[PDB]
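A.B. asks: The following file, run-v3.cif, comprises mmCIF, C-alpha atoms and all ligand atoms:
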```cif
data_model
#
loop_
_atom_site.label_atom_id
_atom_site.label_comp_id
_atom_site.auth_asym_id
_atom_site.auth_seq_id
_atom_site.Cartn_x
_atom_site.Cartn_y
_atom_site.Cartn_z
CA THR V 1 0.65 -29.66 -6.94
CA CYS V 2 -3.02 -28.60 -6.37
CA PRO V 3 -3.30 -26.98 -2.98
CA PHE V 4 -5.78 -28.38 -0.49
CA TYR V 5 -7.68 -25.05 -0.31
CA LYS V 6 -8.75 -25.59 -4.03
CA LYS V 7 -10.31 -29.00 -3.33
CA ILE V 8 -13.89 -29.64 -2.04
CA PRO V 9 -13.87 -32.74 0.26
CA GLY V 10 -16.41 -35.50 -0.30
CA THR V 11 -16.63 -34.58 -3.91
CA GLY V 12 -14.68 -34.90 -7.08
CA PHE V 13 -14.77 -31.07 -7.38
CA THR V 14 -12.11 -28.38 -7.64
CA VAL V 15 -12.43 -24.57 -7.62
CA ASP V 16 -10.25 -22.25 -9.71
CA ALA V 17 -7.70 -25.10 -10.34
CA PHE V 18 -6.89 -25.03 -14.06
CA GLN V 19 -3.08 -24.72 -13.97
CA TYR V 20 -2.08 -28.15 -12.51
CA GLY V 21 -2.94 -30.29 -15.54
CA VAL V 22 -5.26 -33.18 -14.79
CA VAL V 23 -6.09 -33.19 -11.10
CA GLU V 24 -6.32 -36.82 -10.01
CA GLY V 25 -9.89 -37.58 -9.11
CA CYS V 26 -11.52 -34.37 -10.48
CA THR V 27 -14.82 -34.92 -12.27
CA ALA V 28 -15.96 -31.22 -12.47
CA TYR V 29 -13.82 -27.99 -12.52
CA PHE V 30 -15.70 -24.90 -11.25
CA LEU V 31 -14.53 -21.37 -12.20
CA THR V 32 -15.73 -18.53 -9.87
CA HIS V 33 -14.90 -15.59 -12.27
CA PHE V 34 -12.94 -14.50 -15.31
CA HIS V 35 -9.73 -13.11 -13.69
CA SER V 36 -6.44 -14.50 -14.97
CA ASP V 37 -4.96 -15.87 -11.65
CA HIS V 38 -8.26 -17.91 -11.40
CA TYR V 39 -8.64 -19.19 -15.03
CA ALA V 40 -4.87 -19.59 -15.54
CA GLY V 41 -4.38 -22.66 -17.67
CA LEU V 42 -7.73 -22.78 -19.55
CA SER V 43 -7.67 -22.75 -23.44
CA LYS V 44 -9.43 -24.31 -26.56
CA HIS V 45 -7.66 -27.64 -25.75
CA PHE V 46 -9.44 -28.17 -22.42
CA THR V 47 -11.64 -31.35 -22.44
CA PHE V 48 -13.21 -31.50 -18.91
CA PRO V 49 -16.56 -30.07 -17.76
CA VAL V 50 -16.36 -26.35 -16.58
CA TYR V 51 -19.19 -25.08 -14.40
CA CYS V 52 -19.63 -21.30 -14.13
CA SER V 53 -22.02 -18.41 -14.55
CA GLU V 54 -23.55 -17.42 -17.95
CA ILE V 55 -21.30 -14.36 -18.20
CA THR V 56 -18.08 -16.28 -17.37
CA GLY V 57 -19.15 -18.89 -19.95
CA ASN V 58 -19.53 -16.07 -22.65
CA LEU V 59 -15.92 -14.99 -21.89
CA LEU V 60 -14.57 -18.60 -21.99
CA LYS V 61 -16.14 -19.16 -25.46
CA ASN V 62 -15.30 -15.71 -27.00
CA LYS V 63 -12.00 -14.76 -25.41
CA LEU V 64 -10.30 -18.11 -24.57
CA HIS V 65 -12.03 -20.21 -27.34
CA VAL V 66 -13.00 -23.03 -24.99
CA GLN V 67 -15.31 -25.35 -26.93
CA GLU V 68 -18.97 -25.04 -26.23
CA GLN V 69 -19.46 -28.73 -25.37
CA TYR V 70 -17.25 -28.32 -22.17
CA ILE V 71 -18.94 -25.09 -20.93
CA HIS V 72 -21.74 -25.62 -18.43
CA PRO V 73 -23.35 -22.31 -17.43
CA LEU V 74 -25.68 -22.27 -14.42
CA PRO V 75 -28.34 -19.73 -13.40
CA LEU V 76 -27.90 -17.88 -10.15
CA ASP V 77 -30.00 -18.43 -7.03
CA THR V 78 -31.18 -21.85 -8.28
CA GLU V 79 -30.73 -25.35 -6.76
CA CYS V 80 -28.84 -27.41 -9.41
CA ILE V 81 -27.53 -31.05 -9.35
CA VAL V 82 -23.96 -31.54 -10.61
CA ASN V 83 -22.58 -35.14 -10.73
CA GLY V 84 -24.98 -36.08 -8.00
CA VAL V 85 -24.35 -33.12 -5.65
CA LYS V 86 -26.74 -30.14 -5.01
CA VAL V 87 -25.01 -26.73 -5.66
CA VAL V 88 -26.14 -23.05 -5.79
CA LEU V 89 -24.30 -20.10 -7.42
CA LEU V 90 -24.68 -16.70 -5.65
CA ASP V 91 -23.63 -13.23 -6.77
CA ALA V 92 -20.26 -12.43 -5.25
CA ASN V 93 -20.35 -8.56 -5.73
CA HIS V 94 -16.87 -8.73 -7.37
CA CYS V 95 -16.60 -8.32 -11.21
CA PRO V 96 -19.27 -9.23 -13.84
CA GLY V 97 -20.20 -12.87 -13.74
CA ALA V 98 -18.38 -13.53 -10.39
CA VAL V 99 -20.02 -16.10 -8.10
CA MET V 100 -19.83 -17.73 -4.67
CA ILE V 101 -20.67 -21.47 -4.65
CA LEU V 102 -22.74 -23.40 -2.04
CA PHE V 103 -22.08 -27.15 -1.94
CA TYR V 104 -24.52 -29.52 -0.13
CA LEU V 105 -22.43 -32.66 0.60
CA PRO V 106 -24.09 -36.09 0.67
CA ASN V 107 -23.06 -36.45 4.35
CA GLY V 108 -25.02 -33.24 5.37
CA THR V 109 -22.08 -30.83 5.49
CA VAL V 110 -22.68 -27.46 3.79
CA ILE V 111 -19.62 -25.58 2.32
CA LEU V 112 -19.51 -21.97 0.99
CA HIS V 113 -16.66 -20.99 -1.33
CA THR V 114 -16.70 -17.20 -1.72
CA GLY V 115 -14.39 -17.05 -4.71
CA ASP V 116 -13.34 -13.37 -4.80
CA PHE V 117 -16.03 -11.20 -3.12
CA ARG V 118 -16.90 -7.85 -1.59
CA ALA V 119 -19.06 -8.77 1.42
CA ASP V 120 -22.34 -6.90 1.67
CA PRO V 121 -25.29 -6.99 4.14
CA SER V 122 -27.55 -7.90 1.16
CA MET V 123 -25.92 -11.35 1.24
CA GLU V 124 -27.56 -11.91 4.67
CA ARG V 125 -30.94 -12.18 2.73
CA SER V 126 -29.90 -14.51 -0.07
CA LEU V 127 -30.34 -18.33 0.03
CA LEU V 128 -27.57 -18.30 2.59
CA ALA V 129 -30.03 -17.30 5.33
CA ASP V 130 -31.88 -20.68 4.93
CA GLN V 131 -29.45 -23.20 6.50
CA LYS V 132 -26.23 -23.54 8.47
CA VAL V 133 -22.80 -23.41 6.71
CA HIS V 134 -20.17 -25.54 8.35
CA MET V 135 -17.04 -24.70 6.33
CA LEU V 136 -16.12 -21.33 4.65
CA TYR V 137 -13.43 -21.00 1.90
CA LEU V 138 -12.85 -17.23 2.37
CA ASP V 139 -11.38 -14.40 0.18
CA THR V 140 -8.98 -12.94 2.77
CA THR V 141 -7.30 -10.36 0.42
CA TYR V 142 -7.79 -7.46 2.91
CA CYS V 143 -7.89 -9.39 6.24
CA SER V 144 -6.12 -6.75 8.43
CA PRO V 145 -7.64 -3.76 10.26
CA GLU V 146 -5.62 -1.14 8.36
CA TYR V 147 -7.68 -1.90 5.28
CA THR V 148 -10.53 0.63 5.29
CA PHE V 149 -12.03 2.05 2.19
CA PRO V 150 -15.08 4.04 1.17
CA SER V 151 -18.23 2.68 -0.39
CA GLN V 152 -18.24 2.18 -4.17
CA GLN V 153 -21.07 4.77 -4.28
CA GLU V 154 -18.89 7.44 -2.55
CA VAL V 155 -16.02 6.80 -4.91
CA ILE V 156 -18.21 7.05 -8.05
CA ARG V 157 -19.77 10.31 -6.77
CA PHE V 158 -16.22 11.77 -6.42
CA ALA V 159 -15.17 10.65 -9.89
CA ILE V 160 -18.37 11.96 -11.59
CA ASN V 161 -18.12 15.42 -9.84
CA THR V 162 -14.35 15.71 -10.62
CA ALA V 163 -14.69 14.86 -14.31
CA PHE V 164 -17.83 17.03 -14.90
CA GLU V 165 -16.20 20.10 -13.27
CA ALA V 166 -12.92 19.63 -15.31
CA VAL V 167 -14.54 19.20 -18.71
CA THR V 168 -17.03 22.03 -18.12
CA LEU V 169 -14.13 24.40 -17.21
CA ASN V 170 -12.12 23.11 -20.27
CA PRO V 171 -14.13 21.57 -23.19
CA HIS V 172 -10.86 20.52 -24.80
CA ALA V 173 -9.90 18.20 -21.86
CA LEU V 174 -9.85 14.41 -22.46
CA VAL V 175 -10.73 11.88 -19.72
CA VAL V 176 -8.74 8.63 -19.68
CA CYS V 177 -9.44 5.56 -17.48
CA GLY V 178 -7.08 2.59 -16.96
CA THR V 179 -8.05 -1.13 -17.09
CA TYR V 180 -6.28 -4.56 -17.18
CA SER V 181 -9.13 -6.95 -16.52
CA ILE V 182 -12.88 -7.04 -16.25
CA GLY V 183 -14.31 -5.26 -13.20
CA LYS V 184 -14.78 -1.64 -12.13
CA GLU V 185 -16.84 -0.82 -15.28
CA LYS V 186 -18.98 1.63 -13.17
CA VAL V 187 -15.98 4.00 -13.02
CA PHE V 188 -15.73 4.71 -16.81
CA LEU V 189 -19.50 4.26 -17.48
CA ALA V 190 -20.58 6.73 -14.78
CA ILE V 191 -18.05 9.35 -16.03
CA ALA V 192 -19.07 8.91 -19.72
CA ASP V 193 -22.75 9.20 -18.73
CA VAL V 194 -22.32 12.55 -16.96
CA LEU V 195 -20.33 13.86 -19.98
CA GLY V 196 -22.87 12.66 -22.64
CA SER V 197 -20.20 10.62 -24.39
CA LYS V 198 -19.76 6.87 -25.14
CA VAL V 199 -16.57 5.36 -23.94
CA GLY V 200 -14.00 4.61 -26.57
CA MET V 201 -11.67 1.63 -26.47
CA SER V 202 -9.72 -0.93 -28.43
CA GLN V 203 -11.40 -3.65 -30.45
CA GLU V 204 -10.13 -6.30 -27.89
CA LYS V 205 -11.66 -4.48 -24.90
CA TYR V 206 -14.94 -3.76 -26.74
CA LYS V 207 -15.30 -7.50 -27.51
CA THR V 208 -14.69 -8.27 -23.77
CA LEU V 209 -17.38 -5.82 -22.72
CA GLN V 210 -19.91 -7.18 -25.24
CA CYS V 211 -19.78 -10.54 -23.27
CA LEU V 212 -21.03 -9.05 -19.97
CA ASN V 213 -24.85 -8.78 -20.44
CA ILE V 214 -24.81 -5.11 -19.39
CA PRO V 215 -28.22 -3.61 -20.37
CA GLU V 216 -28.26 -1.07 -23.27
CA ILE V 217 -24.47 -1.57 -23.71
CA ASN V 218 -24.65 -0.66 -27.45
CA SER V 219 -25.77 2.85 -26.33
CA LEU V 220 -22.73 3.25 -23.94
CA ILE V 221 -19.49 2.06 -25.65
CA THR V 222 -17.68 2.36 -29.04
CA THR V 223 -14.53 1.57 -31.01
CA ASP V 224 -14.55 5.03 -32.61
CA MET V 225 -12.01 6.95 -30.48
CA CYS V 226 -12.41 10.23 -32.35
CA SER V 227 -16.13 10.49 -31.50
CA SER V 228 -15.44 9.85 -27.78
CA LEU V 229 -14.07 12.05 -24.99
CA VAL V 230 -13.69 9.19 -22.39
CA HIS V 231 -10.91 6.81 -23.50
CA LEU V 232 -9.93 3.48 -21.92
CA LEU V 233 -6.30 2.42 -22.06
CA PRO V 234 -4.20 -0.36 -20.58
CA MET V 235 -3.37 0.40 -16.95
CA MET V 236 0.33 0.27 -17.99
CA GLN V 237 -0.16 3.34 -20.20
CA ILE V 238 -1.57 5.45 -17.21
CA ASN V 239 1.54 7.50 -16.44
CA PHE V 240 2.94 10.84 -17.74
CA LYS V 241 5.01 9.29 -20.62
CA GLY V 242 2.13 7.05 -21.79
CA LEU V 243 -0.41 9.86 -21.51
CA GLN V 244 1.70 12.56 -23.26
CA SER V 245 2.17 9.98 -26.03
CA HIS V 246 -1.55 9.22 -26.20
CA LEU V 247 -2.33 12.95 -26.42
CA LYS V 248 -0.10 13.34 -29.48
CA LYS V 249 -2.29 10.63 -31.13
CA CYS V 250 -5.51 12.68 -30.90
CA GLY V 251 -4.32 15.27 -33.45
CA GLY V 252 -4.66 18.46 -31.34
CA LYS V 253 -8.34 17.67 -30.58
CA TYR V 254 -7.40 17.97 -26.87
CA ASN V 255 -4.99 20.11 -24.79
CA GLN V 256 -5.41 18.53 -21.30
CA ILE V 257 -5.78 14.95 -19.85
CA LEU V 258 -7.51 14.09 -16.64
CA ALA V 259 -6.84 10.38 -15.85
CA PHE V 260 -8.20 7.85 -13.32
CA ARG V 261 -6.27 4.82 -11.92
CA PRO V 262 -8.81 2.67 -9.97
CA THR V 263 -6.48 0.98 -7.54
CA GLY V 264 -7.31 -1.42 -4.73
CA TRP V 265 -6.01 -0.22 -1.38
CA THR V 266 -3.08 2.21 -1.16
CA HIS V 267 -1.55 3.53 2.24
CA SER V 268 -3.05 7.07 1.78
CA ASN V 269 -6.34 5.25 2.90
CA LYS V 270 -4.97 5.23 6.49
CA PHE V 271 -4.81 9.07 6.64
CA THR V 272 -6.94 10.76 3.99
CA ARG V 273 -10.74 10.81 3.21
CA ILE V 274 -12.27 10.59 -0.34
CA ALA V 275 -13.30 14.29 -0.29
CA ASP V 276 -9.58 15.21 0.26
CA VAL V 277 -7.82 13.12 -2.53
CA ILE V 278 -5.42 15.00 -4.86
CA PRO V 279 -3.83 14.12 -8.22
CA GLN V 280 -0.25 13.84 -9.45
CA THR V 281 0.28 16.64 -12.03
CA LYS V 282 2.90 17.34 -14.71
CA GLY V 283 2.03 20.09 -17.11
CA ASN V 284 -1.38 19.64 -18.72
CA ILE V 285 -1.72 15.99 -17.36
CA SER V 286 -3.34 15.04 -13.98
CA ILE V 287 -3.60 11.41 -12.63
CA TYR V 288 -6.04 10.50 -9.84
CA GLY V 289 -5.65 7.18 -7.90
CA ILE V 290 -9.20 6.39 -6.63
CA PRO V 291 -9.77 3.56 -4.08
CA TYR V 292 -12.49 1.64 -5.90
CA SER V 293 -12.39 -1.91 -4.40
CA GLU V 294 -14.09 -5.11 -5.54
CA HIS V 295 -12.88 -6.97 -2.40
CA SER V 296 -14.18 -6.82 1.20
CA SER V 297 -12.76 -4.24 3.58
CA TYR V 298 -11.65 -5.72 6.95
CA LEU V 299 -14.90 -4.55 8.66
CA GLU V 300 -17.17 -5.86 5.80
CA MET V 301 -15.38 -9.27 5.97
CA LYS V 302 -15.65 -9.40 9.76
CA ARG V 303 -19.41 -8.55 9.69
CA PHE V 304 -20.13 -11.31 7.08
CA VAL V 305 -18.22 -13.98 8.96
CA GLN V 306 -19.76 -13.03 12.42
CA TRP V 307 -23.21 -13.28 10.73
CA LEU V 308 -22.51 -16.63 9.07
CA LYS V 309 -20.86 -18.27 12.14
CA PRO V 310 -18.95 -20.98 10.29
CA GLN V 311 -17.37 -23.97 12.21
CA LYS V 312 -14.17 -23.80 10.18
CA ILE V 313 -12.54 -21.06 7.95
CA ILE V 314 -10.12 -21.94 5.10
CA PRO V 315 -8.34 -18.83 3.66
CA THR V 316 -7.77 -18.72 -0.13
CA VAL V 317 -5.65 -15.48 -0.23
CA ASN V 318 -2.33 -14.54 1.43
CA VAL V 319 -1.73 -18.23 2.31
CA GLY V 320 1.89 -18.30 1.12
CA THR V 321 3.66 -17.10 4.32
CA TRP V 322 3.58 -18.36 7.87
CA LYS V 323 3.30 -14.79 9.20
CA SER V 324 0.18 -14.09 7.08
CA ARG V 325 -1.41 -17.41 7.98
CA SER V 326 -0.83 -16.81 11.73
CA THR V 327 -2.17 -13.24 11.57
CA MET V 328 -5.37 -14.36 9.86
CA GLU V 329 -5.97 -17.23 12.33
CA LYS V 330 -5.67 -14.67 15.23
CA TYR V 331 -8.38 -12.47 13.70
CA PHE V 332 -10.67 -15.46 13.08
CA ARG V 333 -10.41 -16.41 16.83
CA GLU V 334 -11.03 -12.83 17.96
CA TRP V 335 -14.19 -12.75 15.85
CA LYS V 336 -15.46 -16.08 17.16
CA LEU V 337 -14.85 -15.08 20.82
CA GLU V 338 -16.48 -11.65 20.40
CA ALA V 339 -19.60 -13.13 18.73
CA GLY V 340 -19.76 -16.36 20.80
CA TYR V 341 -19.95 -19.12 18.17
NI NI L 401 -10.73 -11.46 -8.84
#
```
Now that the file is in, can you turn its structure into structure tokens?

C.D. replies:
Amino acid sequence: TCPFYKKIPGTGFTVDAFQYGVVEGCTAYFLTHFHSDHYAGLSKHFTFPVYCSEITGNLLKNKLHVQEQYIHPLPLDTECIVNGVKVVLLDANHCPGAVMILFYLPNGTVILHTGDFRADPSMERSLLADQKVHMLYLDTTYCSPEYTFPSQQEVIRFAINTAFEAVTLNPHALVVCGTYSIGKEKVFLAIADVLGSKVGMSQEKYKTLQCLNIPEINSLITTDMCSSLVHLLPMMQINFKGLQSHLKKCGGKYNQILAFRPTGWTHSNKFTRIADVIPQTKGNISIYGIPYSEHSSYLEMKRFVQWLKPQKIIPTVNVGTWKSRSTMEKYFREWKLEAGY
């Protein structure tokens, strides 16, 4: 059944709750972003109102074939009334089109639902600065102090420098980047830009990217693989067997592959810096795991929450085990006692 952490009290609303059939008493289904664990269950047969960003609404229409009459896109940073309740969508700094949602309940309670987010100090100067938030539905993916990672900017600088050096030493090297969802587009776009190439990909992935309102996108991507020296492949194909295979397909146009796997966190984060990362190599193939995250680090999460000073925190991630739930509740109390709210 629909878990309590997907329901917004005092409303008929639910958040990211499309896989339970009809939820009894739901008058509006919000969708924070187009990732499959969140939209799971949506299709062309859905006949309830879906509230979301413009970009998520482009993906619902074009990729899932949800009918236009049930898609209600809202602008960001704008007070909107939905079924009698004032709401605001804020950028979540996750993937394209991802939002946080502010609900202003008739009784005076204010609720923030972060969806999936990567906390940033810039959020401290959004419409959130303007009133008190009583309850926080929090993306707790990385809520443990071991989870450190570099800035997105640091990681992109590493990738750009690595790729440019490799291709300038060997003009017959191919760059490949893995993907299995929207998000992390800066990785492959920044590398293709430094190399003066467009990125080449499948027709399915090109169609996905043409939904994202990225400026000048026609200048940056293509379905013509042969004209491109940055290829995108399914993340599943980013291994020695899949890459050797792919290289056969290019007809001796290339003699070397340099590949990127943008992971979340991986335990080499606890020891090594970005400047010191090394690839796995077999023959003429090298695979780099780079820690490009679209979720808050522990310290970014902690800073956001100590700034916001909520009265109550409801985790939405890692809620399935008693050990995880207890661990998280201990950190929340530490933060509250340190900051004095
Ligand atoms: Ni997500």

A.B. asks: Do you know which residues are at most 7 Å from range 160-168 of chain V counting only C-alpha atoms, after dropping those on the same chain fewer than 2 positions away, and could you put them as a ChimeraX atom specification?

C.D. replies: /V:156-158,170-171,173,190-191,194-195

A.B. asks: Residues of chain V within 9 Å of ligand NI 401 (chain L): nearest atom pair and distance (Å, one decimal) for each, counting only C-alpha atoms and all ligand atoms, sorted by chain and number, as CSV?

C.D. replies:
```
residue,atom,partner,partner_atom,distance
V:32,CA,L:NI401,NI,8.7
V:33,CA,L:NI401,NI,6.8
V:34,CA,L:NI401,NI,7.5
V:35,CA,L:NI401,NI,5.2
V:36,CA,L:NI401,NI,8.1
V:37,CA,L:NI401,NI,7.8
V:38,CA,L:NI401,NI,7.4
V:94,CA,L:NI401,NI,6.9
V:95,CA,L:NI401,NI,7.1
V:98,CA,L:NI401,NI,8.1
V:115,CA,L:NI401,NI,7.9
V:116,CA,L:NI401,NI,5.2
V:117,CA,L:NI401,NI,7.8
V:182,CA,L:NI401,NI,8.9
V:183,CA,L:NI401,NI,8.4
V:294,CA,L:NI401,NI,7.9
V:295,CA,L:NI401,NI,8.1
```

A.B. asks: Give me, please, the distance in Å between CA of residue 307 in chain V and CA of residue 138 in chain V, quoted to one decimal.

C.D. replies: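 It comes out at 13.9 Å.
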
A.B. asks: Show me, as a short mmCIF file (atom, residue, chain, number, x, y, z; two decimals) with C-alpha atoms, in the frame of the given file, the residues that have an atom within 12 Å of residue 333 in chain V when counting only C-alpha atoms, minus same-chain residues fewer than 2 positions from it.

C.D. replies:
```cif
data_model
loop_
_atom_site.label_atom_id
_atom_site.label_comp_id
_atom_site.auth_asym_id
_atom_site.auth_seq_id
_atom_site.Cartn_x
_atom_site.Cartn_y
_atom_site.Cartn_z
CA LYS V 302 -15.65 -9.40 9.76
CA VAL V 305 -18.22 -13.98 8.96
CA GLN V 306 -19.76 -13.03 12.42
CA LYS V 309 -20.86 -18.27 12.14
CA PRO V 310 -18.95 -20.98 10.29
CA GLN V 311 -17.37 -23.97 12.21
CA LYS V 312 -14.17 -23.80 10.18
CA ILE V 313 -12.54 -21.06 7.95
CA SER V 326 -0.83 -16.81 11.73
CA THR V 327 -2.17 -13.24 11.57
CA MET V 328 -5.37 -14.36 9.86
CA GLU V 329 -5.97 -17.23 12.33
CA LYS V 330 -5.67 -14.67 15.23
CA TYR V 331 -8.38 -12.47 13.70
CA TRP V 335 -14.19 -12.75 15.85
CA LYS V 336 -15.46 -16.08 17.16
CA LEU V 337 -14.85 -15.08 20.82
CA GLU V 338 -16.48 -11.65 20.40
CA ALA V 339 -19.60 -13.13 18.73
CA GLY V 340 -19.76 -16.36 20.80
CA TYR V 341 -19.95 -19.12 18.17
#
```

A.B. asks: Kindly indicate which residue among V:317, V:177, V:217, V:189 lies nearest to residue 243 in chain V, using all atoms listed in the file for the distances.

C.D. replies: V:177
